[PDB]
Amino acid sequence: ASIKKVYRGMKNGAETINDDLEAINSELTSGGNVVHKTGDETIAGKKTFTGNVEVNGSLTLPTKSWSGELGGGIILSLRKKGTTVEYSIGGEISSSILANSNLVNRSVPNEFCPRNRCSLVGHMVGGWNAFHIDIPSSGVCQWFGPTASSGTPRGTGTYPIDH
Amino acid sequence: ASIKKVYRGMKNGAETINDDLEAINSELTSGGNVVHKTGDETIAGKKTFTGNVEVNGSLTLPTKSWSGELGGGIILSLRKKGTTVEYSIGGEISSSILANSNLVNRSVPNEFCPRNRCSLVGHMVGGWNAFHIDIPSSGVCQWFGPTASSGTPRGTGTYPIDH
Amino acid sequence: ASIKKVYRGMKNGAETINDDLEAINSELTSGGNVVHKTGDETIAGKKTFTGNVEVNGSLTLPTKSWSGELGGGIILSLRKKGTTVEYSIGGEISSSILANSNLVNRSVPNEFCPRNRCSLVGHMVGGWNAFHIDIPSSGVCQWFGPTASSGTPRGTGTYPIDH
């Protein structure tokens, strides 16, 4: 709080002592540079919690969405939440996608890209067939099913990101 | 803190100034409406951290568990933790489950339901067969394997929720 | 803050009142036992947030990495982040791995072990074949594909942990 000096022989001493006590007391309830048990507040700095942090409301992390046709009709939808990317595979295969081939319509943007190669396991509607798509750190996704020219690929999960 | 007024010509001034300073100083160490570097405390309000939040103890989010037989002997076990649902598929197929059919014994409750269709990829014990089960926002789960009358479906992962 | 007593007839009263007000005011901006809206600070105690916690920087949880050859050439790479373990399956099958057999080269260490059996679904490069590996709470992983003597298993996801 903004306070005024108190000193011997001071002019208007009781008033200044009171003004100071009030200015300081004000910041114990709201405002100033102190974090309080009520109120909407923005907190800067590295805050390290050594105990148990319990969130009863919501924990909101940085979020961003993206969707694109990776290639061959396969559509990847992403939502970044903190250091995790939630993915969903969709669309329908529209042309021959060769075994172990790069999907070269659209790459995953760098902000959604993992540190390491992530293998996203999926299933084709209608039978027992599984595939995976790798997202490397470059974002050029790669199809690791066999050669396929049709069908409906699906799979929801997550992969990690960092910063 | 609860303080008393200080003023000119005041009765018992030194005592009141001291009582005030002590009341205020007390809340710099514990209690009142200020968050401290020690102590168990409940904090209300929207707290926005613009820096790095580091948790060394535990981060505890709202948690809830549920398990049920979706249909055809397939059992889904769920644990909600914040905006993420951890799932585990189990049981054994007990009757004919037709391709792309709704599982109509029990639905996933709304509090465990996703915003969008989530495709949960799984594997059948004993061979190379994969399937997926979709959980739509309605919670009426849908089997996207082919027609199956037996076997042991498994798969653990997560899907997102929001509020 | 460290303050000195104020009292009637006191020696050097104005100085002491001022020193106290300054000591207290100092802790409203930085240091002491109060959490502030700026500065790097370590916070002990159970902090329960009943409102909305919004993190704009980073949320950092306890992290630890591990990788090992589970058995048969299958390599599992793990990163624990809080109560979640991010996994990646790799390597190449190097010898006959019997159906539903324990992988008995290396177990997952206890700190990476789940509360319950986690079924990690994966895909074999080059065809439509899926498998899963179970990680029980003991960490002795188990192969639930059929008998396999070759091929390239992949799959990235997460499973939960607790404390």
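The analysis underlying the following values was restricted to heavy atoms, covering all of them including side chains, and did not include hydrogens, waters or symmetry mates. Order of the sequence lines fixes the chain letters, A, B, ..., with proteins taken first and strands second; residue numbering starts at 1 for each chain.
A heavy-atom distance below 4.5 Å is not found between the side chains of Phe144(C) and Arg154(B). At a threshold of 4.5 Å between non-hydrogen side-chain atoms, the residues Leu59(B) and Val55(A) count as touching. The shortest side-chain heavy-atom distance between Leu78(C) and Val108(C) falls under the 4.5 Å cut-off. Using a 4.5 Å cut-off on side-chain heavy atoms (C-beta onward), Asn100(C) and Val125(B) make contact. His36(A) has its side chain out of reach of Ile43(B): every pair of non-hydrogen atoms, C-beta onward, lies at least 4.5 Å apart. Put simply, the side chain of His132(B) reaches to within 4.5 Å of the side chain of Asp134(B), judged on heavy atoms. Under the 4.5 Å side-chain criterion, counting only non-hydrogen atoms from C-beta, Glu92(B) is not in contact with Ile74(B). Annotation: side chain of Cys118(C) is not in contact with side chain of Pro136(C) (no heavy-atom distance under 4.5 Å).
Looking only at atom types and distance, the side chain of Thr38(C) has a donor-acceptor partner in the side chain of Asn33(A) under 3.5 Å away.
Each of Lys64(B), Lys80(B), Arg79(B) was checked for a salt bridge (charged side-chain N to carboxylate O under 4.0 Å, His left out) with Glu86(B), and the lone residue meeting it is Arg79(B).
The nearest pair of heavy atoms linking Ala148(A) to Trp128(C) is CB-CH2, 3.8 Å. Of all heavy-atom pairs spanning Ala130(B) and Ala130(A), the tightest one is CB-CB, 3.5 Å. Pairing each heavy atom of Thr156(C) with each of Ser88(C), the nearest pair is OG1-OG, 3.4 Å. Nearest heavy-atom pair, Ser67(C) versus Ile75(C), reported as atom, atom and distance to 0.1 Å: OG-CG2, 3.5 Å. Smallest separation of non-hydrogen atoms from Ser65(C) and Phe112(C): C-CZ, 3.8 Å. Across all their heavy atoms, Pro146(B) and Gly126(A) have their closest contact at CB-O, 3.8 Å.
In this structure, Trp143(A) has its ring center under 6.0 Å from that of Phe131(A).
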Report task. Apply side-chain hydrogen bond (donor to acceptor under 3.5 Å, both in side chains) to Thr83(A) and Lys81(C), showing your working. Result -> CA-CA 10 Å; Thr83(A) 55; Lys81(C) 261 185 166 195; 3.2 Å; yes
Report task. Test side-chain contact (heavy atoms from CB on, under 4.5 Å) on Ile135(C) and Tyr159(C) and set out the steps. Result -> CA-CA 9 Å; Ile135(C) 312 180; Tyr159(C) 67 80; 3.5 Å; yes
Report task. Test side-chain hydrogen bond (donor to acceptor under 3.5 Å, both in side chains) on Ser58(A) and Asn52(C) and set out the steps. Result -> CA-CA 5 Å; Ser58(A) 58; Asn52(C) 287 351; 2.6 Å; yes
**Report entry** From CA spacing to verdict: side-chain contact (heavy atoms from CB on, under 4.5 Å), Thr60(A), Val53(C)
**Finding:** CA-CA 6 Å; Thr60(A) 304; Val53(C) 176; over 6 Å; no
Report task. Output, in order, the C-alpha distance, side-chain angles, deciding distance and verdict of side-chain contact (heavy atoms from CB on, under 4.5 Å) for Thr84(B) and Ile161(B). Result -> CA-CA 6 Å; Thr84(B) 298; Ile161(B) 242 73; over 6 Å; no
Requested in this report: Mind running side-chain contact (heavy atoms from CB on, under 4.5 Å) on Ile133(C) and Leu103(C) for me, showing each step along the way?
Outcome: CA-CA 9 Å; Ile133(C) 295 163; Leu103(C) 297 169; 4.2 Å; yes
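A distance-only check finds no donor-acceptor pair linking the side chain of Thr50(A) to the backbone of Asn56(B) [under 3.5 Å]. Looking at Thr147(A), its side chain does come within 3.5 Å of a backbone N or O of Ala99(A) through a donor-acceptor pair. For the pair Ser94(B) (side chain) and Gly72(B) (backbone), a donor-acceptor distance under 3.5 Å is present.
Atom CD1 of residue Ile93(A) and atom OG of residue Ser150(A) lie 7.0 Å apart, to the nearest 0.5 angstrom. The CD1 atom of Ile89(C) sits 12.0 Å away from the NE2 atom of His123(C) when rounded to the nearest 0.5 Å. With rounding to the nearest 0.5 Å, the separation of CD in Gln142(C) from CG in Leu120(C) is 12.5 Å. Between the CG atom of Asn129(B) and the CG atom of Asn129(A) there is a distance of 8.5 Å, given to the nearest 0.5 Å. Atom OH of residue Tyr87(A) and atom OG1 of residue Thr158(A) lie 7.0 Å apart, to the nearest 0.5 angstrom. Atom OG of residue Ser138(C) and atom CG of residue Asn110(C) lie 9.5 Å apart, to the nearest 0.5 angstrom.
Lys46(B) NZ: 12 or fewer foreign heavy atoms inside a 6.0 Å radius.
Comment: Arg106(B) does not engage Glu69(B) in a salt bridge, judged by the lack of any side-chain N to carboxylate O separation of less than 4.0 angstrom. Salt-bridge check for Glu41(C) with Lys37(B): passed, with a basic side-chain N closer than 4.0 Å to an acidic carboxylate O.
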